[PDB]
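Enquirer: If it helps, the file is called my_file-v8.pdb and holds PDB, C-alpha atoms (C1' of nucleotides) and all ligand atoms:
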```pdb
ATOM      1  CA  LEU S 401     -15.677  75.134  -6.926  1.00  0.00           C
ATOM      2  CA  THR S 402     -17.789  74.915  -3.767  1.00  0.00           C
ATOM      3  CA  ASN S 403     -18.321  77.456  -0.988  1.00  0.00           C
ATOM      4  CA  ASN S 404     -16.290  75.471   1.558  1.00  0.00           C
ATOM      5  CA  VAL S 405     -13.191  73.284   1.600  1.00  0.00           C
ATOM      6  CA  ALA S 406     -13.556  69.520   2.012  1.00  0.00           C
ATOM      7  CA  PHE S 407     -11.164  67.772   4.412  1.00  0.00           C
ATOM      8  CA  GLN S 408     -11.203  64.061   3.592  1.00  0.00           C
ATOM      9  CA  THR S 409      -9.881  61.690   6.252  1.00  0.00           C
ATOM     10  CA  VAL S 410      -8.782  58.053   6.076  1.00  0.00           C
ATOM     11  CA  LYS S 411     -10.281  55.468   8.419  1.00  0.00           C
ATOM     12  CA  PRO S 412      -8.281  52.889  10.372  1.00  0.00           C
ATOM     13  CA  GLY S 413      -8.507  49.233   9.501  1.00  0.00           C
ATOM     14  CA  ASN S 414     -10.874  46.625  10.868  1.00  0.00           C
ATOM     15  CA  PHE S 415      -9.306  44.137  13.266  1.00  0.00           C
ATOM     16  CA  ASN S 416      -9.893  40.429  12.598  1.00  0.00           C
ATOM     17  CA  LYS S 417      -9.750  39.349  16.227  1.00  0.00           C
ATOM     18  CA  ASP S 418     -10.590  35.712  15.459  1.00  0.00           C
ATOM     19  CA  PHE S 419      -7.602  35.278  13.146  1.00  0.00           C
ATOM     20  CA  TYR S 420      -5.323  37.123  15.574  1.00  0.00           C
ATOM     21  CA  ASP S 421      -6.417  34.911  18.478  1.00  0.00           C
ATOM     22  CA  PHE S 422      -5.880  31.838  16.307  1.00  0.00           C
ATOM     23  CA  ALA S 423      -2.416  33.094  15.344  1.00  0.00           C
ATOM     24  CA  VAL S 424      -1.321  33.823  18.913  1.00  0.00           C
ATOM     25  CA  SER S 425      -2.669  30.421  19.972  1.00  0.00           C
ATOM     26  CA  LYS S 426      -0.248  28.920  17.418  1.00  0.00           C
ATOM     27  CA  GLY S 427       2.823  30.662  18.848  1.00  0.00           C
ATOM     28  CA  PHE S 428       2.887  33.798  16.697  1.00  0.00           C
ATOM     29  CA  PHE S 429       3.723  37.412  17.558  1.00  0.00           C
ATOM     30  CA  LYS S 430       5.943  36.459  20.503  1.00  0.00           C
ATOM     31  CA  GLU S 431       8.557  38.846  21.850  1.00  0.00           C
ATOM     32  CA  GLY S 432      11.734  38.633  19.789  1.00  0.00           C
ATOM     33  CA  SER S 433      10.055  36.652  17.004  1.00  0.00           C
ATOM     34  CA  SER S 434      11.284  37.212  13.457  1.00  0.00           C
ATOM     35  CA  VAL S 435       7.730  37.535  12.088  1.00  0.00           C
ATOM     36  CA  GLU S 436       5.986  40.617  13.464  1.00  0.00           C
ATOM     37  CA  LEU S 437       3.191  42.947  12.400  1.00  0.00           C
ATOM     38  CA  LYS S 438       4.609  45.815  10.348  1.00  0.00           C
ATOM     39  CA  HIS S 439       1.871  46.442   7.744  1.00  0.00           C
ATOM     40  CA  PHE S 440      -1.174  48.323   9.038  1.00  0.00           C
ATOM     41  CA  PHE S 441      -3.979  50.604   7.918  1.00  0.00           C
ATOM     42  CA  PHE S 442      -2.669  54.037   8.867  1.00  0.00           C
ATOM     43  CA  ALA S 443      -5.339  56.665   9.490  1.00  0.00           C
ATOM     44  CA  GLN S 444      -5.063  60.201   8.132  1.00  0.00           C
ATOM     45  CA  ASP S 445      -6.457  63.548   9.238  1.00  0.00           C
ATOM     46  CA  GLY S 446      -8.198  66.124   7.056  1.00  0.00           C
ATOM     47  CA  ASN S 447      -4.896  67.692   5.973  1.00  0.00           C
ATOM     48  CA  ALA S 448      -3.714  64.531   4.181  1.00  0.00           C
ATOM     49  CA  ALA S 449      -4.947  64.924   0.594  1.00  0.00           C
ATOM     50  CA  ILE S 450      -3.520  68.447   0.398  1.00  0.00           C
ATOM     51  CA  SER S 451      -0.254  67.332   2.022  1.00  0.00           C
ATOM     52  CA  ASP S 452       0.260  64.563  -0.529  1.00  0.00           C
ATOM     53  CA  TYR S 453      -0.527  66.803  -3.505  1.00  0.00           C
ATOM     54  CA  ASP S 454       2.004  69.306  -2.158  1.00  0.00           C
ATOM     55  CA  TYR S 455       4.681  66.700  -2.913  1.00  0.00           C
ATOM     56  CA  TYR S 456       4.367  67.906  -6.519  1.00  0.00           C
ATOM     57  CA  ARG S 457       6.675  70.628  -5.211  1.00  0.00           C
ATOM     58  CA  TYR S 458       9.424  68.103  -6.008  1.00  0.00           C
ATOM     59  CA  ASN S 459       8.725  68.439  -9.750  1.00  0.00           C
ATOM     60  CA  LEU S 460      11.148  71.034 -11.096  1.00  0.00           C
ATOM     61  CA  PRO S 461      11.481  72.211 -14.712  1.00  0.00           C
ATOM     62  CA  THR S 462      14.383  70.090 -15.962  1.00  0.00           C
ATOM     63  CA  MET S 463      16.033  70.887 -19.291  1.00  0.00           C
ATOM     64  CA  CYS S 464      17.540  67.695 -20.681  1.00  0.00           C
ATOM     65  CA  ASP S 465      20.663  67.038 -22.720  1.00  0.00           C
ATOM     66  CA  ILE S 466      19.025  66.954 -26.129  1.00  0.00           C
ATOM     67  CA  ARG S 467      21.896  65.489 -28.162  1.00  0.00           C
ATOM     68  CA  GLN S 468      21.931  62.639 -25.613  1.00  0.00           C
ATOM     69  CA  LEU S 469      18.183  62.239 -25.093  1.00  0.00           C
ATOM     70  CA  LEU S 470      17.694  61.975 -28.862  1.00  0.00           C
ATOM     71  CA  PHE S 471      19.978  58.903 -28.905  1.00  0.00           C
ATOM     72  CA  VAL S 472      18.480  57.381 -25.762  1.00  0.00           C
ATOM     73  CA  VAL S 473      15.115  57.669 -27.547  1.00  0.00           C
ATOM     74  CA  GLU S 474      16.428  55.583 -30.447  1.00  0.00           C
ATOM     75  CA  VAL S 475      17.802  52.927 -28.095  1.00  0.00           C
ATOM     76  CA  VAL S 476      14.516  52.761 -26.153  1.00  0.00           C
ATOM     77  CA  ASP S 477      12.602  52.468 -29.429  1.00  0.00           C
ATOM     78  CA  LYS S 478      14.889  49.552 -30.279  1.00  0.00           C
ATOM     79  CA  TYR S 479      13.855  48.082 -26.924  1.00  0.00           C
ATOM     80  CA  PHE S 480      10.186  48.468 -27.953  1.00  0.00           C
ATOM     81  CA  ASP S 481      10.551  47.040 -31.472  1.00  0.00           C
ATOM     82  CA  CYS S 482       9.060  43.568 -30.952  1.00  0.00           C
ATOM     83  CA  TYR S 483       5.508  44.842 -30.353  1.00  0.00           C
ATOM     84  CA  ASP S 484       2.798  46.118 -32.680  1.00  0.00           C
ATOM     85  CA  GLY S 485       0.313  48.902 -32.134  1.00  0.00           C
ATOM     86  CA  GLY S 486      -1.964  51.453 -33.691  1.00  0.00           C
ATOM     87  CA  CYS S 487      -5.470  52.806 -33.467  1.00  0.00           C
ATOM     88  CA  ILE S 488      -8.398  50.456 -32.907  1.00  0.00           C
ATOM     89  CA  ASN S 489     -12.122  51.030 -33.250  1.00  0.00           C
ATOM     90  CA  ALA S 490     -14.489  51.569 -30.339  1.00  0.00           C
ATOM     91  CA  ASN S 491     -15.854  48.030 -30.748  1.00  0.00           C
ATOM     92  CA  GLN S 492     -12.329  46.630 -30.271  1.00  0.00           C
ATOM     93  CA  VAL S 493     -11.718  48.323 -26.908  1.00  0.00           C
ATOM     94  CA  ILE S 494     -12.035  45.978 -23.925  1.00  0.00           C
ATOM     95  CA  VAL S 495     -12.533  47.559 -20.500  1.00  0.00           C
ATOM     96  CA  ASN S 496     -11.625  45.436 -17.491  1.00  0.00           C
ATOM     97  CA  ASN S 497     -14.057  46.791 -14.879  1.00  0.00           C
ATOM     98  CA  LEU S 498     -16.854  49.142 -15.930  1.00  0.00           C
ATOM     99  CA  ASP S 499     -17.980  49.770 -12.333  1.00  0.00           C
ATOM    100  CA  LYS S 500     -15.154  52.256 -11.815  1.00  0.00           C
ATOM    101  CA  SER S 501     -15.172  55.994 -11.219  1.00  0.00           C
ATOM    102  CA  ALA S 502     -15.491  58.298 -14.224  1.00  0.00           C
ATOM    103  CA  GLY S 503     -13.609  61.195 -12.650  1.00  0.00           C
ATOM    104  CA  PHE S 504     -14.807  64.754 -12.235  1.00  0.00           C
ATOM    105  CA  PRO S 505     -17.496  65.870 -12.969  1.00  0.00           C
ATOM    106  CA  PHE S 506     -18.808  62.612 -14.411  1.00  0.00           C
ATOM    107  CA  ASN S 507     -18.826  60.777 -11.074  1.00  0.00           C
ATOM    108  CA  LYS S 508     -21.781  62.940  -9.995  1.00  0.00           C
ATOM    109  CA  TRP S 509     -24.121  60.951 -12.263  1.00  0.00           C
ATOM    110  CA  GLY S 510     -22.660  57.454 -12.616  1.00  0.00           C
ATOM    111  CA  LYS S 511     -19.708  55.142 -13.069  1.00  0.00           C
ATOM    112  CA  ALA S 512     -17.756  54.443 -16.263  1.00  0.00           C
ATOM    113  CA  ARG S 513     -20.431  51.898 -17.206  1.00  0.00           C
ATOM    114  CA  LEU S 514     -22.942  54.718 -17.706  1.00  0.00           C
ATOM    115  CA  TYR S 515     -20.717  56.506 -20.220  1.00  0.00           C
ATOM    116  CA  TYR S 516     -19.628  53.342 -22.010  1.00  0.00           C
ATOM    117  CA  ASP S 517     -23.296  52.379 -22.420  1.00  0.00           C
ATOM    118  CA  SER S 518     -24.720  55.831 -23.227  1.00  0.00           C
ATOM    119  CA  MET S 519     -22.218  56.400 -26.063  1.00  0.00           C
ATOM    120  CA  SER S 520     -22.570  54.275 -29.172  1.00  0.00           C
ATOM    121  CA  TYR S 521     -19.487  53.186 -31.085  1.00  0.00           C
ATOM    122  CA  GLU S 522     -20.233  55.902 -33.651  1.00  0.00           C
ATOM    123  CA  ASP S 523     -19.982  58.792 -31.190  1.00  0.00           C
ATOM    124  CA  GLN S 524     -17.028  57.185 -29.435  1.00  0.00           C
ATOM    125  CA  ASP S 525     -15.156  57.083 -32.736  1.00  0.00           C
ATOM    126  CA  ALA S 526     -16.386  60.652 -33.262  1.00  0.00           C
ATOM    127  CA  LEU S 527     -14.895  61.692 -29.914  1.00  0.00           C
ATOM    128  CA  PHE S 528     -11.620  59.911 -30.699  1.00  0.00           C
ATOM    129  CA  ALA S 529     -11.386  61.641 -34.083  1.00  0.00           C
ATOM    130  CA  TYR S 530     -12.215  64.919 -32.337  1.00  0.00           C
ATOM    131  CA  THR S 531      -9.187  64.455 -30.076  1.00  0.00           C
ATOM    132  CA  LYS S 532      -6.932  64.205 -33.156  1.00  0.00           C
ATOM    133  CA  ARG S 533      -7.787  67.759 -34.262  1.00  0.00           C
TER     134      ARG S 533
ATOM    135  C1'   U Y   1     -14.853  59.588  -2.078  1.00  0.00           C
ATOM    136  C1'   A Y   2     -12.574  55.311  -4.103  1.00  0.00           C
ATOM    137  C1'   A Y   3      -7.501  55.503 -10.548  1.00  0.00           C
ATOM    138  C1'   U Y   4      -4.717  52.628 -14.726  1.00  0.00           C
ATOM    139  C1'   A Y   5      -2.784  47.971 -15.823  1.00  0.00           C
ATOM    140  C1'   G Y   6      -1.255  42.855 -14.988  1.00  0.00           C
ATOM    141  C1'   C Y   7      -1.754  38.060 -12.848  1.00  0.00           C
ATOM    142  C1'   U Y   8      -4.359  34.485  -9.939  1.00  0.00           C
ATOM    143  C1'   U Y   9      -8.331  31.926  -7.074  1.00  0.00           C
ATOM    144  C1'   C Y  10     -13.537  30.794  -6.539  1.00  0.00           C
ATOM    145  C1'   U Y  11     -18.790  30.779  -8.100  1.00  0.00           C
ATOM    146  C1'   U Y  12     -22.857  31.115 -11.762  1.00  0.00           C
ATOM    147  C1'   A Y  13     -24.791  31.246 -16.681  1.00  0.00           C
ATOM    148  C1'   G Y  14     -24.511  30.641 -22.196  1.00  0.00           C
ATOM    149  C1'   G Y  15     -22.403  28.731 -26.636  1.00  0.00           C
ATOM    150  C1'   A Y  16     -19.092  25.532 -29.283  1.00  0.00           C
ATOM    151  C1'   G Y  17     -16.175  21.236 -29.418  1.00  0.00           C
ATOM    152  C1'   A Y  18     -14.379  16.458 -27.839  1.00  0.00           C
ATOM    153  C1'   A Y  19     -14.952  11.583 -25.473  1.00  0.00           C
ATOM    154  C1'   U Y  20     -18.083   7.539 -23.527  1.00  0.00           C
ATOM    155  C1'   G Y  21     -22.740   5.314 -22.821  1.00  0.00           C
ATOM    156  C1'   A Y  22     -28.219   4.751 -23.934  1.00  0.00           C
ATOM    157  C1'   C Y  23     -32.631   4.943 -27.130  1.00  0.00           C
ATOM    158  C1'   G Y  24     -35.095   5.794 -31.760  1.00  0.00           C
ATOM    159  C1'   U Y  25     -35.181   6.319 -37.240  1.00  0.00           C
ATOM    160  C1'   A Y  26     -33.055   5.935 -42.089  1.00  0.00           C
ATOM    161  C1'   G Y  27     -29.272   3.836 -45.475  1.00  0.00           C
ATOM    162  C1'   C Y  28     -25.701  -0.261 -46.685  1.00  0.00           C
ATOM    163  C1'   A Y  29     -23.292  -5.447 -45.896  1.00  0.00           C
ATOM    164  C1'   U Y  30     -24.045 -10.744 -44.245  1.00  0.00           C
ATOM    165  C1'   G Y  31     -26.463 -15.442 -42.269  1.00  0.00           C
ATOM    166  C1'   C Y  32     -31.249 -18.256 -41.563  1.00  0.00           C
ATOM    167  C1'   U Y  33     -36.549 -19.097 -42.713  1.00  0.00           C
ATOM    168  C1'   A Y  34     -41.739 -18.616 -45.527  1.00  0.00           C
ATOM    169  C1'   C Y  35     -44.140 -17.922 -50.651  1.00  0.00           C
ATOM    170  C1'   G Y  36     -43.953 -17.203 -56.150  1.00  0.00           C
ATOM    171  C1'   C Y  37     -41.094 -17.895 -60.823  1.00  0.00           C
TER     172        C Y  37
HETATM  173 ZN    ZN L 601      -2.976  55.881 -34.511  1.00  0.00          ZN
END
```
Could you write out this file's structure as structure tokens?

Expert:
Amino acid sequence: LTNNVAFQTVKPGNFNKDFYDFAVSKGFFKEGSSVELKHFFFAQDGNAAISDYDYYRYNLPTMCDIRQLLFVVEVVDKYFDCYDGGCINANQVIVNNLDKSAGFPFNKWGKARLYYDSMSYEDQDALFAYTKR
RNA sequence: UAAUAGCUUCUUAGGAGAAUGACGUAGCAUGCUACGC
């Protein structure tokens, strides 16, 4: 889309030296101790986002056993029989956090709050009915 | 640049409800006293 490739990196974490000093003053992080730091913020170079996406090379076209899958579907539907569902109106949709990204290209002009405010319920129902045809 | 969903903690604001207390007004019940018949 642009005239140059973007290489997004990942920063390292920020070290809470006060908590670490307090912990080691209490006898933590000793040699041979059972509790040791194993969870960190790992930094990434510019070739990270394209190296993770390349893992979609593990998705192969798999043809399933259809006489078996069509029975597994019935059993799974039996597993999902206690619930109820169906279409709701735009005034019945509850969004948890509206200060979230709206994806491309909509993140160039605002968050999801902008598009949930700018669209009335009428033209949200219109969009939903558009997606059914 | 920062997704979907769930749960939880904390803070603030608004409404509704409950409980207790306080004041004021109105209605009803009772006792005492003053006047008239
Ligand atoms: Zn439907």

Enquirer: For chain S, report every residue with an atom at most 12 Å from chain Y (counting only C-alpha atoms (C1' of nucleotides)), formatted as JSON, numbers by chain.

Expert: {"S": [406, 407, 408, 409, 410, 449, 495, 496, 497, 499, 500, 501, 502, 503, 504, 507, 508, 511, 512]}

Enquirer: Name the residues, by chain letter and number, that sit within 9 Å of ligand ZN 601 (chain L) using all atoms listed in the file, and give them as a ChimeraX atom specification.

Expert: /S:485-488

Enquirer: Store the residues picked out above, limited to C-alpha atoms, as a CSV table (one decimal), keeping the file's coordinate frame.

Expert:
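The resulting result.csv:
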```
chain,number,residue,atom,x,y,z
S,485,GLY,CA,0.3,48.9,-32.1
S,486,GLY,CA,-2.0,51.5,-33.7
S,487,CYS,CA,-5.5,52.8,-33.5
S,488,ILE,CA,-8.4,50.5,-32.9
```

Enquirer: Kindly give the distance, in Å, that separates CA of residue 411 (chain S) and CA of residue 441 (chain S), rounded to a single decimal.

Expert: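 Going from CA of residue 411 (chain S) over to CA of residue 441 (chain S), I get 8.0 Å.
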
Enquirer: What does the distance from CA of residue 520 (chain S) to CA of residue 491 (chain S) come to in Å, to one decimal?

Expert: 9.3 Å

Enquirer: Please compute the CA of residue 526 (chain S)-CA of residue 489 (chain S) distance, one decimal, in Å.

Expert: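 According to the coordinates, CA of residue 526 (chain S) and CA of residue 489 (chain S) are separated by 10.5 Å.
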
Enquirer: With 6 Å added on each side, what axis-aligned box encloses every listed atom of region 21-36 of chain Y? Give the centre and edge lengths in Å to one decimal, as JSON.

Expert:
```
{"center_x": -33.4, "center_y": -6.4, "center_z": -39.5, "size_x": 33.4, "size_y": 37.4, "size_z": 45.3}
```
